[PDB]
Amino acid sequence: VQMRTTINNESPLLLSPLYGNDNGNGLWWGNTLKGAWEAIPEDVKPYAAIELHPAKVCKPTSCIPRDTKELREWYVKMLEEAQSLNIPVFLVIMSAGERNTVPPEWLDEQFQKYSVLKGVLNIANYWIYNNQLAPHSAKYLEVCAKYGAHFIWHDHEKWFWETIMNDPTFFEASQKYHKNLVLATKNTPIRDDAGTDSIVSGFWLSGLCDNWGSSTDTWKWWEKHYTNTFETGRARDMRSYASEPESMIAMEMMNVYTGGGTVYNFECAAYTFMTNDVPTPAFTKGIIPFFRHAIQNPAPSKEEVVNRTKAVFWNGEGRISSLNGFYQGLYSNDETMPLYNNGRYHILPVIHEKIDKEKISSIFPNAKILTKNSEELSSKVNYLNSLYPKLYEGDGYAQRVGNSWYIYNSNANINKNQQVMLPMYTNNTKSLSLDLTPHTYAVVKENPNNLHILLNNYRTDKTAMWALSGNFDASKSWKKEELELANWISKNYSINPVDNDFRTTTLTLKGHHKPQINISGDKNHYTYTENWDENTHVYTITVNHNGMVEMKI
């Protein structure tokens, strides 16, 4: 049987979601299925699909997909529409602990009838676990395998993912149907961000799923009580989901990309995608440009991630969920938030207890296997620092990935610059330094005879949205105040983005022949000054921008 979707490092997947309305044309936020697909640029379409979440169609509770006549109707309606239009779709069929979801038999028939049906999703259960979720997912996975489809599970937290793969049924099914399984994060609940990345990517490395990825959720900004960028002392509301910086969304994608991840999904869609069929700047200027990077430059393969791995942590003698300060002093000071401070260790993989130590030895023959009882954990940093050499100076985030540097400012909501000094691996230049404002990422690729630099610091000013009168409390989600916000978005944010405030990225090449540069970027959204020191051979470019800037040097 041929797969319905090709998903790997050379062929990643972007999911863009649609939400059921129990009313009207059947979809929330003024969106249409046709409008959704039209929003996907043509070069992205071969690597994209639409998620169909029943949402308000679910009864008694919105977004909890209990099997009803009305739910099945809605799935069928949307499938019908998707087919006539040839739009690849995935259905959210599991969510929030629901034990009584659509029968496996029914899904099986939908697969027979619709070649646009590429697979299904289980999303968000960490707060409402029961022992039927893993077995039910296993059964659904088995149906997906029968039809060359994918089962995609977005969930979070260390104890939860440990618990899921400890299930006999799900563990046996993952071992058989890994080709059809995508395990994926969902950092909504502002806990365990590092641990989750380790365990989930760890599953992919252990052969339990052929692909991993993420749901990058801007609701986390609301969970933190954050409001306007850098603002404190204001009450949160739904505008908080519309306030995580655009480029930061891309930085969260970068965490996945550089860890070998391959599937990208997002909430809240009113911010991250589209309202009234008008794509947002977060989508077009945040998510799209980074997904395009992932298309043009395949993510680290499984063998690449394995071969760079100097140590793994194995849950076989005590679990990472019982080590609450493990990532401190390594690469995350704050597991409530997604950004990593250090790229020195990549994502350290965590291997689930169900994987024998001997199997770990054969996946990572040159890796050190750490456990909770490891003597070396009395000097955790010093020990890991003797296996993973220091690669750069400064306080910013940088990771070496093959012949590339992946860089960002790691301050989520604090207006402070970070600097990195990057030794280089070719004689194009001796070192490269960056000064970076918050919400700026960079990719430096060393070719044999040139360097390619991508910069993106796109962040709209959210002040105008925050200045609006009205009630936008989260208790009004799925209600008309949410639509008011969604309408405002399509007339203000999405069409007149307040993105004319530039910020400075400073790029210095030391020991670089006077560089002739080729430069481009987002139209009307950058200026630059060059400076060359004849005697010291230092070349400095000062880029003022709000958006993407690309150079070849």
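Heads up: residue numbers just count along the shown sequence, starting at 1.
According to the entry, the deposited sequence places 1 to 3 unmodelled residues between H512 and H513.
Set 390-398 against 70-78 and average the Cα temperature factors; 70-78 ends up higher. Just going by the entry, 174-182 versus 280-288 on mean CA temperature factor gives the higher value to 174-182. Of the candidates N428, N385, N417, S477, the one whose C-alpha carries the top B factor in the deposited record is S477.
Set against one another, the Cα B-factors of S332, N373, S198, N450 in the record reach their highest point at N373. Among all modelled residues in its chain, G233 ranks in the highest third by Cα B-factor. Compared with the other modelled residues of the chain, the Cα B-factor recorded for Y226 ranks in the middle third. Residue-level temperature factors show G213 in the lowest third of its chain, judged at the C-alpha atom. In the PDB entry, a CA B factor belonging to the highest third of its chain's modelled residues is recorded for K359.
The PDB entry assigns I152 a C-alpha temperature factor belonging to the lowest third of its chain's modelled residues.
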